[PDB]
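Chains as they are written, first to last, in our numbering: chain B, 2 to 251; chain W, 3 to 501; chain U, 2 to 87.
I have placed the structure first, in the form of structure tokens, so that the comments after it can refer back to it.
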Amino acid sequence: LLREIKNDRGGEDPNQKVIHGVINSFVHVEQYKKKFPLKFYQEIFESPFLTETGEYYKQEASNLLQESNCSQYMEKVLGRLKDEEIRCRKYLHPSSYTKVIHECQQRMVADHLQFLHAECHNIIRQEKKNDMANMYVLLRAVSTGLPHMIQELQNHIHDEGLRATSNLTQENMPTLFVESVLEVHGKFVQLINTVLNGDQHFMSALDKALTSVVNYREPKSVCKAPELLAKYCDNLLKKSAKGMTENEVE
Amino acid sequence: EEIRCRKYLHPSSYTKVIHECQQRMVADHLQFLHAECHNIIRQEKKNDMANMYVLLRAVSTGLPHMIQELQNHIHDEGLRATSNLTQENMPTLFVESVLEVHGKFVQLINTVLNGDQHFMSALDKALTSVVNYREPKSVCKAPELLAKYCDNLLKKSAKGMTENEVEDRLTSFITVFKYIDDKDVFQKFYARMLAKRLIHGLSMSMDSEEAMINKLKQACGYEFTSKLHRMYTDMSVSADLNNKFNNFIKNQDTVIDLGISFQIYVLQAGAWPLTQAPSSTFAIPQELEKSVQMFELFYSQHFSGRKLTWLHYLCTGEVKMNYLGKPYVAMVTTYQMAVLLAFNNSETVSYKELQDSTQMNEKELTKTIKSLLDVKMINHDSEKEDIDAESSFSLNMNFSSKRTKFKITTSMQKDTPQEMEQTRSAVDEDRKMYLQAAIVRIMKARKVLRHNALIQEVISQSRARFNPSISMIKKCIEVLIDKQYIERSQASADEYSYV
Amino acid sequence: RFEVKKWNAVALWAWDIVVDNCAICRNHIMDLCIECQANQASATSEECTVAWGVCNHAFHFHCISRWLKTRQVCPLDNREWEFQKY
Ligand SMILES: [Zn+2]
Ligand SMILES: [Zn+2]
Ligand SMILES: [Zn+2]
């Protein structure tokens with residue numbers, strides 16, 4: 002039974018009805034047991050299967066790192082993870098749907114956090130929107146995966162925000178400063194919404210990174226953000242002779 | 003009746019007497035007024051229209067029919083004033099005709115029609131329908147013509163256009179630009195033309211470009227012109243960068259002796275529409291390779307953390323040809339300069355030697371030989387002048403042009419339909435990204451909405467940028483399905499859920 | 002003989018920050034600086050301390066010192082430089 006599921010993982014398509022029928026026997030025999038109607042199924046097949054899919058996906062994940070970089074490794078893992086959701090759906094009992102996928106994750110993405118976290122810097126910094134939506138859905142399942150992307154996004158927003166509010170012209174500093182934060186805020190709210198599921202753990206990474214750039218102080222000086230945002234209100238709430246209609250101010 | 007009730011009645015009954023003198027004298031006969039409204043608007047009779055507007059404004063619900071009739075009249079006038087355009091000069095005359103219509107009808111509304119804000123809104127909607135005259139399911143010619151208009155009037159031309167005329171013309175043009183509702187296409191096209199005009203030195207003045215970017219920023223926002231202002235800022239700081247590089251090479255230990263008048267145009271990667279789409283590996287000539295090495299050293303010393311992607315299809319320079327008596331100095335792209343240096347390597351040269359000396363792809367190479375032969379710089383020694391397997395050709399000794407600074411390249415305009423479609427596809431990708439952002443934001447805010455309300459709120463949110471379609475939105479839901487971020491509701495397909 | 006007189010060139014600058022790397026030397030921060038990479042026998046391999054700014058950007062002490070001898074601005078983000086650690 003493990004051989005014709007492993008053969009299914011190799012590409013070939015065996016009899017779906019026969020494999021599902023034999024698997025259903027280990028849980029349909031126990032239908033008259035009032036206590037633990039799946040204890041037979043969870044020891045005859047599921048425990049060997051979870052070990053079989055553990056030593057197979059450990060071998061497959063180690064077989065993917067040799068001839069694939071981190072960019073296309075996640076395309077392959079997501080291809081296997083999506084296939085495994087389909088494969089266990091048509092073969093196993095619905096009780097073992099989560100155990101197979103969760104053990105698949107613990108052999109591909111959770112055992113290779115250090116490989117994914119080391120390349121998580123280049124994914125965030127270069128703004129690879131396709132790879133950032135793959136590193137997310139791989140590290141979202143792992144409990145300890147996101148807290149490094151969250152730091153690398155916060156470090157990216159803080160460096161992008163600081164670079165955007167740098168060396169502003171003295172003529173229009175109150176207006177340049179506000180619009181420089183709003184383009185960083187506007188870009189990364191959309192980037193988090195499109196790519197990182199609009200996650201609140203990442204919106205808090207943006208707010209904790211935009212707070213540092215707004216409250217950034219020059220050496221032996223004071224934070225000029227309250228003064229600059231006081232003039233920005235003053236600049237557009239005066240009687241604007243040139244443009245700045247009523248609908249634009251509001 | 004107003005003066006009569008003023009001289010006879012109490013002050014508290016001035017309005018009520020007039021209200022019953024209008025609600026039963028021009029509101030009970032409102033059908034006749036509304037029926038003649040279409041004719042009195044289309045004929046454009048001033049005093050009659052003014053009296054008609056006063057009477058309909060007196061009636062509580064007699065004015066919006068006049069609004070619709072006037073809006074339809076403006077739509078028809080704009081359509082008949084913009085559908086007769088020829089291809090001789092479309093970008094100028096299209097915007098000029100739209101300006102004439104807008105100015106004439108603003109004067110008509112403000113002078114003989116009290117300047118009502120409802121009529122201004124109707125005029126704005128009518129002109130929005132006019133300039134966005136989508137030829138059915140084919141194109142939207144407005145943003146491309148507006149971008150071409152800006153490029154034409156900002157390009158350094160010998161026809162004669164003073165600075166003040168250009169400035170007031172752009173100030174007028176912004177009124178046309180305010181209602182395009184496809185501003186992403188115009189942004190990408192203006193970015194492409196701005197890149198070409200800044201790099202090739204076709205700008206009449208940096209002040210004009212900065213003023214136009216400021217006008218667009220005031221029209222839309224800082225997020226619209228952030229990339230354009232970064233392009234302009236890089237082009238302004240290029241002079242300081244050249245001065246700093248010259249100071250760097252003067253303050254080194256030994257004499258570097260570049261041998262060329264190097265003048266770099268380091269550009270920010272994310273802010274410019276340029277890209278390394280021609281991924282052919284180009285072999286830099288040695289005398290340029292020394293300058294490339296020295297500028298890499300400078301840009302790794304005076305700037306840190308920046309890798310410097312070299313563009314070999316935006317580069318040009320002057321080459322001398324003292325081999326045949328030094329007749330002139332030729333401005334030439336570096337792709338063609340490489341094969342000119344290969345000609346310098348050996349007079350008898352074949353295509354294989356060009357391939358091993360430039361390492362570049364065959365399509366760009368064949369383009370360089372074509373763009374050299376059409377200007378009769380070189381002659382093909384083979385039987386046929388076009389491309390073939392052998393392709394052995396040497397220098398032409400019969401080139402006797404009368405220009406001491408003759409230029410053999412003219413790819414300053416380009417605008418081939420392939421890159422036009424590539425630009426439109428980039429707009430489509432950005433539109434898809436914005437629609438995904440809106441969908442995810444709305445779902446995260448509410449988590450329960452229907453299809454029609456979702457479409458309406460997407461249209462309302464993205465009204466100021468473009469006019470999104472249903473298929474693009476459904477493609478965005480499909481992409482979020484593939485990324486397992488969205489899901490329709492199990493109870494009904496109309497509602498939506500969250501993963 | 003063809004002689005090139007001008008080479009007006011266009012290049013795109015993009016950020017090339019890699020993890021745990023000194024931006025001036027383009028090498029790892031825990032390794033020695035490129036200024037102290039030469040004459041390594043004279044260098045004691047101890048004075049190349051890692052200097053961190055208040056912008057959380059880490060260089061070597063010698064590299065950021067030589068940087069500050071020309072301009073008082075951080076390279077990776079164009080803000081002024083404040084030491085916080087060593
Ligand atoms: Zn260093
Ligand atoms: Zn050192
Ligand atoms: Zn820094």
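Quick reminder that beta carbons are idealized off the backbone N, C-alpha and C, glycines included.
- Task: Answer with yes or no whether the minimum CB distance from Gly223(W) to chain B is below 9 Å.
- Result: Looking up residue 223(W) in the second sequence gives position 221. Closer than 9 Å: yes.
- Query: Closer than 9 Å, CB to CB, is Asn131(B) near chain U or not?
  - Reply: Counting from 1 along the first sequence, the entry for residue 131(B) is found at position 130. Closer than 9 Å to the CB of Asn131(B) there is not a single CB belonging to chain U.
- For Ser205(W), which of helix, strand or coil comes out of DSSP? As a first step, residue 205(W) must be located in the second sequence, where it is residue number 203. Under the three-state reduction of DSSP output, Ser205(W) falls in the strand class.
- What are the uninterrupted segments assigned as alpha helix (DSSP H) that are 4 or more residues long and contained completely in the segment 325-390 of chain W, given in chain order? 336-347, 353-360, 364-375, all fully within the segment 325-390 of chain W.
- Whole-angstrom distance between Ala285(W) and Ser359(W), CA atom to CA atom: For this step, residue 359(W) is matched to residue 357 along the second sequence. For this step, residue 285(W) is matched to residue 283 along the second sequence. For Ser359(W) and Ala285(W), the distance between alpha carbons rounds to 7 Å.
- Less than 8 Å between the CB of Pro76(U) and some heavy atom of ligand 3, yes or no? Looking up residue 76(U) in the third sequence gives position 75. Checking the Cβ of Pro76(U) against ligand 3 gives yes.
- Excluding sequence positions up to five away, which residues of its chain have a Cβ less than 6 Å from the Cβ of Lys86(U)? Against the third sequence, residue 86(U) aligns to sequence position 85. Contacts found: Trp53.
- Buried or exposed by the 16-neighbour rule on C-beta atoms within 10 Å, applied to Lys476(W): Counted from its first residue, the second sequence places residue 476(W) at position 474. Exposed is the call here.
- Query: Residues bridged to residue 1(B) by DSSP?
  - Reply: Outside the displayed range of chain B (2 to 251) lies residue 1(B), so it cannot be described from this structure.
- In this structure, what does DSSP give as the bridge partners for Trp312(W)? Position 310 of the second sequence, counting from 1, holds the residue named residue 312(W). Bridge partners of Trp312(W): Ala12(U).
- Could you tell me the distance, in whole angstroms, from the CA atom of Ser63(B) to the CA atom of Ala273(W)? Position 62 of the first sequence, counting from 1, holds the residue named residue 63(B). Position 271 of the second sequence, counting from 1, holds the residue named residue 273(W). The alpha-carbon atoms of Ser63(B) and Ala273(W) are separated by roughly 40 Å.
- Message: Tell me whether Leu163(B), by its Cβ, gets closer than 8 Å to a heavy atom of ligand 5.
- Response: Ligands displayed in this structure: ligand 1, ligand 2 and ligand 3; ligand 5 is not among them.
- Leaving aside the five residues before and after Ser159(W) along the sequence, list all residues of the same chain whose C-beta is less than 8 Å from its C-beta, in chain order. As a working note, residue 159(W) is residue 157 in the second sequence. These residues qualify, in order along the chain: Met206.
- Which term fits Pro93(W), buried or exposed, when burial requires 16 or more other beta carbons within 10 angstroms of its beta carbon? Within the second sequence, residue 93(W) is the residue found at index 91, counting from 1. Its Cβ being crowded by 16 or more others within 10 Å, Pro93(W) is buried.
- Message: Based on DSSP bridge pairs, tell me the residues matched to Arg490(W).
- Response: Looking up residue 490(W) in the second sequence gives position 488. In the DSSP assignment, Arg490(W) forms a beta bridge with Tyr498(W).
- Message: Can you tell me whether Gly55(B) sits near ligand 3, meaning its C-beta is under 8 Å from at least one heavy atom of the ligand?
- Response: As a position in the first sequence, residue 55(B) is number 54, starting the count at 1. Short note on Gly55(B): C-beta not closer than 8 Å to any heavy atom of ligand 3.
- Within chain U, partners of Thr318(W) - CB distance below 7 Å: To locate residue 318(W), count along the second sequence from 1; it is residue 316. Listed along chain U, the residues sitting closer than 7 Å to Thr318(W) by beta-carbon distance are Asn9.
- Message: As an exercise, report each continuous alpha helix (DSSP H) stretch of at least 4 residues that is fully enclosed by the segment 118-152 of chain B, in chain order.
- Response: Listed in chain order, the alpha helix (DSSP H) elements of length 4 or more contained wholly in the segment 118-152 of chain B are 121-126, 130-142.
- Report the neighbours of residue 1(U) on chain W: residues whose CB is nearer than 8 Å to its CB, in chain order. Nothing can be reported for residue 1(U), as the shown portion of chain U is limited to 2 through 87.
- Message: Quick check on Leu154(B): buried or exposed, where buried means 16 or more other Cβ atoms within 10 Å of its Cβ?
- Response: Against the first sequence, residue 154(B) aligns to sequence position 153. Looking at its Cβ environment, which holds 16 or more other Cβ atoms inside 10 Å, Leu154(B) is buried.
- Message: Quick check on this structure: which residue in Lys404(W), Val132(W), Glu169(W), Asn49(W) has the alpha carbon closest to the alpha carbon of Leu110(W)?
- Response: Numbered from its first residue, the second sequence carries residue 110(W) at position 108. Nearest C-alpha to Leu110(W): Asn49(W).
- Opposing strand residues paired with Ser396(W) [DSSP bridges]: Stepping through the second sequence from its first residue, residue 396(W) is reached at position 394. Beta-bridge annotation (DSSP): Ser396(W) is paired with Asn381(W).
- Query: Taking the alpha-carbon positions, what's the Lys190(W) to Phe179(W) distance?
  - Reply: Locating residue 190(W) in the second sequence gives position 188, counting from the first residue. Locating residue 179(W) in the second sequence gives position 177, counting from the first residue. The alpha-carbon atoms of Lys190(W) and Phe179(W) are separated by roughly 14 Å.
- Query: DSSP state of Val450(W), grouped into three classes?
  - Reply: Residue mapping note: residue 450(W) aligns to position 448 of the second sequence, counting from 1. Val450(W) falls in the coil class under three-state DSSP.
- Message: Between the alpha carbons of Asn381(W) and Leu342(W), how many angstroms are there, rounded?
- Response: As a first step, residue 381(W) must be located in the second sequence, where it is residue number 379. As a first step, residue 342(W) must be located in the second sequence, where it is residue number 340. Cα to Cα, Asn381(W) sits roughly 13 Å from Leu342(W).
- Query: Which bits of chain W does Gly187(B) rub up against, with CB to CB less than 8 Å?
  - Reply: To locate residue 187(B), count along the first sequence from 1; it is residue 186. When 8 Å is used as the limit between beta carbons, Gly187(B) is near these residues of chain W: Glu225, in chain order.
- Item | Proximal residues, the segment 15-28 of chain U versus chain B, C-beta separation under 8 Å | Going along the segment 15-28 of chain U in chain order, one finds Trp16, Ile18, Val19, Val20 with a Cβ nearer than 8 Å to chain B.
- Task: Look at the alpha carbon of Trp68(U) and the alpha carbon of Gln486(W), and state the distance between them as a whole number of angstroms.
- Result: Here residue 68(U) refers to the residue found at position 67 when the third sequence is read from its first residue. Here residue 486(W) refers to the residue found at position 484 when the second sequence is read from its first residue. A direct Cα-Cα distance of roughly 47 Å separates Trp68(U) from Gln486(W).
- Would you mind telling me which residues of chain W sit closer than 8 Å to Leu77(U), beta carbon to beta carbon, in chain order? For the purposes of this step, residue 77(U) is taken as residue 76 along the third sequence, with counting starting at 1. Neighbours of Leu77(U) on chain W, chain order: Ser306, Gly307.
- Query: How would you list, in chain order, the residues of chain A whose beta-carbon sits under 7 Å from the beta-carbon of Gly146(B)?
  - Reply: The structure shown contains no chain A; its protein chains are B, W and U.
- Spell out whether any CB of chain U is found under 9 Å from the CB atom of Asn156(B). Position 155 of the first sequence, counting from 1, holds the residue named residue 156(B). Yes, contact with chain U.
- Query: What three-state label does DSSP hand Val179(B) in the structure shown?
  - Reply: Your numbering for residue 179(B) matches position 178 in the first sequence. Shown here, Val179(B) sits in a helix according to DSSP, grouped into three states.
- Sequence ranges, alpha helix (DSSP H) only - wholly within the segment 398-471 of chain W, length at least 4: Taking only runs of at least 4 residues, the alpha helix (DSSP H) segments lying wholly in the segment 398-471 of chain W are 419-448, 453-463.
- Task: Could you tell me which uninterrupted beta strand (DSSP E) segments, each at least 3 residues in length, are contained entirely in the segment 197-261 of chain W, listed from first to last along the chain?
- Result: Taking 3 residues as the shortest admissible run, the segment 197-261 of chain W contains no complete beta strand (DSSP E) segment at all.
- Item | For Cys23(U): DSSP bridge partner residues | In the third sequence, residue 23(U) corresponds to position 22, counting from 1. DSSP output for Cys23(U) lists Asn28(U) as bridge partner(s).
- Query: Helix, strand or coil for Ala111(B) per DSSP?
  - Reply: Stepping through the first sequence from its first residue, residue 111(B) is reached at position 110. The three-state reading of DSSP puts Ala111(B) in coil, since its state is none of H, G, I, E or B.
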